[PDB]
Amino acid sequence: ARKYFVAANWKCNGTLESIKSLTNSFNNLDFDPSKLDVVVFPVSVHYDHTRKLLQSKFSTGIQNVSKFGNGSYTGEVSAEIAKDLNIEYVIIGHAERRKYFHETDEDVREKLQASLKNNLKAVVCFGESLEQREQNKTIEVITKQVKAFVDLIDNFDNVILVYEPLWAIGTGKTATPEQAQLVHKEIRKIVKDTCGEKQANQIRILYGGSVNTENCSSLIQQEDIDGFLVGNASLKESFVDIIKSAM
């Protein structure tokens, strides 16, 4: 049994009073952190505020980390600084950062190396576009993307994979649980081949497409879906029910 993993990616949202209440509207929900991981990823300038308000059962992290260490990189947050602040998790390679800020697989690899080097846990995202899927390149692109960083994973509890089906985000199309499952299986096989069977069976793989209260239960019951990276729906108080689906 892999520990399930449910993550709130607030993205660029929130406003002091908004957090505060939502963090309290969580919080009341009882769960055991020894059996289920729950991580909240607020905006960097909300981290301290959100960490204080959330109870120890909730893990926290930030939505990006630098590929450079400390030094002359205006605007960046190093893994070193994140370590010092006891920031536990980092998100790496999110589709939005690949798209809008030109993050490559080389960046993902380097960000992951830096994060592990400073005892950080990494939520690493990847996935294929619609036209890559239309040409039966799903397995090809995902293999390339995963192989870009997968040889760096030391402890397989501390690195968590996220499949974001870019092909069914802002495109019209929509992924069924069976399709997600089939890709998740393939992702696990890639980890099996490159790292070993035990490591592949240990590693959490989350679904990072559109997750809400309506579809969450039918996704988590899939064999190789171990949780979610939730966006839009993690801004709502009902997110607590998405946590209950993995409970």
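Residue indices: 1-based, along the sequence shown.
Colleague: Higher average CA B factor in the deposited record is what I'm after, so tell me if that's 205 to 213 or 28 to 36.
Modeller: Comparing 205 to 213 with 28 to 36, the higher mean C-alpha B-factor belongs to 28 to 36.
Colleague: Quick check: 49 to 57 versus 63 to 71, which has the larger average CA B-factor in the record?
Modeller: Stretch with the higher mean C-alpha B-factor: 49 to 57.
Colleague: Out of 12, 22, 230, 225, which shows the largest CA B-factor listed in the entry?
Modeller: Highest CA B-factor of the listed options: 22.
Colleague: Among 113, 86, 176, 155, which residue carries the highest C-alpha B-factor recorded in the PDB entry?
Modeller: 176 has the highest C-alpha B-factor of those listed.
Colleague: Going by the entry, which third of its chain does the Cα temperature factor of residue 105 land in?
Modeller: Answer is middle: the recorded C-alpha B-factor places it there.
Colleague: Taking only the Cα B-factors deposited for this chain, tell me whether residue 164 sits in the lowest, middle or highest third.
Modeller: As the PDB entry reports it, the C-alpha B-factor of residue 164 lands in the lowest third of its chain.
Colleague: Using the temperature factors of the C-alpha atoms in this entry, rank residue 138 within its chain: lowest, middle or highest third.
Modeller: Highest third, going by the recorded CA B-factors of the chain.
Colleague: Could you say whether, by C-alpha temperature factor, residue 151 belongs to the lowest, middle or highest third of its chain?
Modeller: Answer is middle: the recorded C-alpha B-factor places it there.
Colleague: Would you check the entry's CA temperature factor for residue 132 and let me know if it's in the chain's lowest, middle or highest third?
Modeller: Answer is highest: the recorded C-alpha B-factor places it there.
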